[PDB]
Amino acid sequence: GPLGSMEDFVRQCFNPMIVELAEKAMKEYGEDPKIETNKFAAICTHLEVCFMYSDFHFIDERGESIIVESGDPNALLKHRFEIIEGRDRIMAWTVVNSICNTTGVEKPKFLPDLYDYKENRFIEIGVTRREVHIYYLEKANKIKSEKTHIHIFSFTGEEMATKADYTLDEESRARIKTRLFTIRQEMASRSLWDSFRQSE
Ligand SMILES: O=c1[nH]c(-c2ccc(-c3nnn[nH]3)cc2)c(-c2ccc(F)cc2)cc1O
Ligand SMILES: [Mn+2]
Ligand SMILES: [Mn+2]
Ligand SMILES: [Mn+2]
């Protein structure tokens, strides 16, 4: 088949909110999304996984964790997760500082991706084109000391999470894996996958 542009794929296969947040992040770190395109696609993918990870998860009227897939349910429900990824540095740290002071949890040395109000911990999300165990160690070794939970996804369906604690139900994580599989397949049909995979 013909080789598509990764740019076209990103703009066609991710919603504009994701794409825009991704562009802003790259600009913020001095990289151009029209040159570092594999990174661009990687950043969109990871951002989307972060959103999908928190999607539908609330804390109920009685204070336990429930799943609602409509927009019509109860406004007394609190989102289970705080989303840190996707915010600019100032706002991300503002949110982290707020959480840390409120909940009394320890302040992380690097920006995490999520905060989980049920488990009372920050989460580092990872999405890798390599084997999950290797990438996990790379994360584990950057965060140094840990209260921060790590959860790694691959494009081939493997997961690895701290202490074999996977946080979410199988259905939630299946949605994420299916999306990753779909991204991989679509890249492959445009002959973007091999280049993307080898670039990590
Ligand atoms: O696990 C993460 N990961 C990443 C991440 C994403 C892509 C690459 C990448 N892809 N190709 N070269 N570098 C590296 C780290 C990022 C990230 C997000 C926005 C941004 F502007 C820069 C980095 C954030 C994460 O939490
Ligand atoms: Mn970031
Ligand atoms: Mn992050
Ligand atoms: Mn991450």
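How each quantity is defined
Residues numbered from 1 in each chain as written, not as in the entry; some residues may be left out. Chains lettered and ligands numbered in written order. Heavy atoms only, no water. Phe/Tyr/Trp six-rings, centres within 6.5 Å; stacked < 30°, edge-to-face > 60°. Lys NZ or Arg CZ within 6 Å of the ring centre and 35° of its normal. Core = buried A, V, L, I, M, F, W, Y, C linked by side-chain atoms within 4.5 Å. Buried < 20%, exposed > 50% of the residue type's maximum accessible area, 1.4 Å probe, protein only. Helix = DSSP H or I, 4+ residues; strand = E, 2+ residues; numbered from the N terminus. Contact = heavy atoms within 4.5 Å. Axes fitted to C-alpha atoms, helices over the stretch in contact; angles between N-to-C directions. Parallel < 35°, antiparallel > 145°, perpendicular 65-115°, else oblique. Left-handed = near helix turned anticlockwise from the far one by under 90°. Donors = N, O, S within 2.8 Å, 3.2 Å for Na, K, Ca; no water. Tetrahedral: all angles 85-135°; square planar, octahedral: opposite > 155°, others 65-115°.

Regarding how it was determined, this PDB entry cites X-ray crystallography in its header, along with a resolution of 2.20 Å.

A. Region of the structure containing the packing of aromatic side chains. Scanning all chains against the criterion turns up 8 aromatic pairs. A centroid spacing of 4.8 Å and a plane angle of 65° characterise the contact between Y115 and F122, whose relative ring orientation is edge-to-face. One aromatic cluster is present, formed by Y53, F81 and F153 through successive ring pairs. A cation over an aromatic ring shows up here: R129 above the ring of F196, its NZ or CZ 4.3 Å from the ring centre. Over the face of the ring belonging to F14 we find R179, whose NZ or CZ atom lies 5.3 Å from the ring centre.

B. Quick look at the nonpolar core. The biggest cluster of nonpolar side chains holds 34 residues, and the ones touching the most others in it are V10, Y53, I125 and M187. Elements that contribute at least two residues to this core include exactly α1 (6–13), α2 (16–28), α3 (37–54), β4 (81–83), β6 (121–128), α6 (170–189) and α7 (193–198). Among the elements that line this core, the one with the most residues is α3, at 10 residues. In this structure, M187 is in contact with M6, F9, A41, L192, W193 and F196, ignoring residues within four places of it in sequence. Residues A92, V95, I99 and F122 belong to the second largest nonpolar core, which totals 9 residues.

C. View of the packing of α1 against α3. It is at 9 Å that the axes of α1 and α3 come closest, and there the two elements cross at 20°. One way to sum up the angle between α1 and α3 is to call them roughly parallel. The crossing of α1 and α3 is left-handed. Counting all contacts with α1, which are made through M6, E7 and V10, the residues of α3 involved are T37, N38, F40, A41 and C44.

D. Focus on the coordination of the manganese ion (ligand 4). Looking at the metal site, the manganese ion (ligand 4) is ligated by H46 (NE2), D113 (OD), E124 (OE) and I125 (O), spaced 2.2 to 2.3 Å from it. Taken together, the 6 donor atoms coordinating the manganese ion (ligand 4) and their angles of 78 to 176° define a geometry best described as octahedral. Between the manganese ion (ligand 4) and the manganese ion (ligand 3), a spacing of 3.9 Å is present, and a bridge between the two is formed by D113. Of this pair, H46 sits in helix α3 while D113 sits in the loop between α4 (89–103) and β5 (114–116); the two residues are 67 residues apart in sequence, bridging distant segments of the chain. The pair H46 / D113 is uniform in exposure class, with both members buried.

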